[PDB]
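Fold and geometry: a report
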2 protein chains.
Amino acid sequence: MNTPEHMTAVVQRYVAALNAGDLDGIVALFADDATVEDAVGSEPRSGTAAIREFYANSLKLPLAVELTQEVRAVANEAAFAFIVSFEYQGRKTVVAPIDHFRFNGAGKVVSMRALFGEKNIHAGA
Amino acid sequence: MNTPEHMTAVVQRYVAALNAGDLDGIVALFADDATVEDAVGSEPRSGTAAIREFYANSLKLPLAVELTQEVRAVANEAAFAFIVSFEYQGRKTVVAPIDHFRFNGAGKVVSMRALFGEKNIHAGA
Ligand SMILES: C[C@]12CCc3c(ccc4cc(O)ccc34)[C@@H]1CCC2=O
Ligand SMILES: C[C@]12CCc3c(ccc4cc(O)ccc34)[C@@H]1CCC2=O
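About the thresholds
- Residues numbered from 1 in each chain as written, not as in the entry; some residues may be left out.
- Chains lettered and ligands numbered in written order.
- Heavy atoms only, no water.
- Pairing = 2+ DSSP bridges.
- Helix = DSSP H or I, 4+ residues; strand = E, 2+ residues; numbered from the N terminus.
- 1 Å grid on protein atoms, 1.4 Å probe; cavity = no way out; pocket = protein on both sides within 12 Å on 5 of 7 lines; lining within 4 Å.
- Points joined across faces, edges and corners; volume = space filled by probe spheres on them.
- Buried < 20%, exposed > 50% of the residue type's maximum accessible area, 1.4 Å probe, protein only.
- Arc of directions from axis to C-beta.
- Contact = heavy atoms within 4.5 Å.
- Near = heavy atom within 4 Å.
- Polar contact = N/O pair within 3.5 Å; in protein donor to acceptor, adjacent residues only side chain to side chain.
- Areas by Shrake-Rupley, 256 points an atom, 1.4 Å probe, with all protein chains shown as cover.
- Nonpolar A, V, L, I, M, F, W, Y, C, P; charged D, E, K, R; others polar.
- UniProt positions renumbered as here; feature names shortened; annotations may be inferred.
- Buried area = accessible area lost by both parts, 1.4 Å probe.
- Salt bridge = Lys/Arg side-chain N within 4 Å of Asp/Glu carboxyl O.
- Expected span 1.5 Å × (residues − 1).
- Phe/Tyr/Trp six-rings, centres within 6.5 Å; stacked < 30°, edge-to-face > 60°.

In the PDB archive, X-ray crystallography is given as the structure determination method for this entry, at a resolution of 2.3 Å.

Below, the discussion takes up the pairing of strand β7 (residues 98–103) of chain B. Residue and element names in this part refer to chain B. Pairing of strand β5 (residues 77–88) with β7 involves five bridges; the strand directions are antiparallel. Pairing of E77 across the sheet is with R102, part of β7. As defined by bridge partners, β7 adjoins strand β8 (residues 109–115) across six bridges and the pair is classed as antiparallel. Paired with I98 across the bridge in β8 is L115. Once β7 ends, the chain turns through five residues before running back antiparallel as β8, passing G107 with a positive phi of about 90°.

Next up on the list: empty space enclosed by the protein. Residue and element names in this part refer to chain A. Inspection of every chain in the model, using the stated rule, returns one cavity of 30 Å³ or more. There is about 30 Å³ of room inside the largest cavity. Taken together, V36, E37, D38, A39, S42, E43, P44 and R45 form the lining of the largest cavity.

All names here are of chain B. Taken together, the buried positions of helix α3 (residues 48–58) are occupied by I51, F54 and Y55. Down the axis of α3, the buried side of the element spans an arc of 90°, and every buried residue falls inside it. Counted as exposed and oriented over 90 degrees from the buried face of α3: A49 and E53. Buried residues along α3 sit in contact with α1 (4–20), α2 (23–27), β1 (30–37), β2 (45–46) and β8.

Okay, the site of ligand 2 next. Residues and elements named next belong to chain B. By nearness alone, every residue bordering ligand 2 is listed as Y14, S58, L63, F82, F86, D99, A114 and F116. In the model, an oxygen atom of ligand 2 is placed 2.4 Å from a nitrogen or oxygen of the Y14 side chain. Between ligand 2 and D99, the relevant distance is 2.4 Å, taken from an oxygen atom to a side-chain nitrogen or oxygen of the residue. Expressed as a share of its isolated accessible area of 430 Å², the protein-covered part of ligand 2 is 84%. Along the lines of polarity and charge, the residues of the shell around ligand 2 split into six nonpolar, one polar and one charged.

All names here are of chain A. Annotation from UniProt places "binding site: substrate" at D99. Mapping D99 onto the fold places it in strand β7 (residues 98–103). The exposure class of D99 is buried, given its relative accessible area of 2%. What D99 contacts, discounting residues up to four positions off in sequence, is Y14, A78, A79, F80, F82, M112, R113, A114 and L115.

Turning our attention to the interface of chain A and chain B. The interface is formed by 27 residues belonging to chain A together with 27 residues belonging to chain B. Buried surface at the junction of chain A and chain B, summed over both partners, amounts to about 2000 Å²; 56% is from carbon and sulfur atoms. For chain A, the biggest contributors to the area lost against chain B are A:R72, A:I98 and A:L115; these three give 31% of the whole. Scanning the region where chain A abuts chain B turns up two salt bridges. The partner of B:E77 in a salt bridge is A:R113, with the nearest N and O atoms 2.9 Å apart. Applying the counting criterion to the chain A and chain B interface returns 14 residue pairs in polar contact. Put simply, the parts of the chain that give the side of chain A that touches chain B at least two residues each are β4 (72–74), β5 (77–88), β7 and β8 (109–115) of chain A.

Residues and elements named next belong to chain B. With 17 residues, α1 extends 24 Å between its outermost C-alpha atoms, agreeing within 8% with the 24 Å of an ideal straight helix rising 1.5 Å per residue. By the burial criterion, the buried members of α1 are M7, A9, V10, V11, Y14, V15, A17 and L18. Just downstream of α1 lies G21, where phi reads positive at about 65°.

So, about the packing of aromatic side chains. Enumeration over the complete set of coordinates arrives at 18 aromatic pairs over all chains. An angle of 50° between the planes, with centres 6.3 Å apart, marks the rings of B:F101 and B:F103 as tilted. By the ring-pair criterion, three or more aromatic residues cluster together here, those being A:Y14, A:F30, A:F54, A:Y55, A:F80, A:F82, A:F101 and A:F103.

Here it is as structure tokens:
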């Protein structure tokens, strides 16, 4: 089935995969017809190909991501607070969002939504 | 309109109202036909009366609640990590969930969902 332990584990695999730039590891977490909403408001990408392409572009730069709090998992859902750090042109940026995963009975992620705004983007000059 | 600043402010008012046991202050944040999903999975209470009753029972005990991280506000949505502490029969409990608010154009909350599980309930013996 799908348990809080399993959802928490998936969140951790997700986080470790972004760190390793393990694209197959990330997509394998999703259902074939899942949706990924990179930033709320935007049009949710659908399907394995779309999902993989999104993460592929998100990995152009080396990312350092970690959970900053315990994962919240309950009845087919999980939400977590974390940070995604990267550096560009001598500038270090740290995006602090909160993600939400919706699982199916198979334990696969059918829906992922990343929530963050300008105030959650911490960068120097 | 509805802005990240306004949504963040509503989250802070929400948190301060629970602390003050200000029931009118909390309900006033919601749209008349809003829904509150106390714990994911359960049936979402609907309408002012239902919403107020839920918070009324949640305030039977004195609650100490605070944000533990920055609020995430983007396009009609906000999510936040926080703690709700209370004491009973000499036992101190701290529930650490992540909430999600959906706003309308008026800046009112039309949907609130609290996400947390047993692993997010920290209590001693
Ligand atoms: C796209 C991005 C890399 C990945 C990423 C960002 C923000 C939120 C995320 C949420 C995720 O669940 C997975 C990856 C990201 C960054 C915004 C700036 C940047 O370089
Ligand atoms: C009901 C409760 C008081 C309020 C409350 C809890 C958990 C999550 C919440 C999320 C909210 O957005 C507002 C109030 C609560 C506690 C669980 C144990 C308890 O006494």
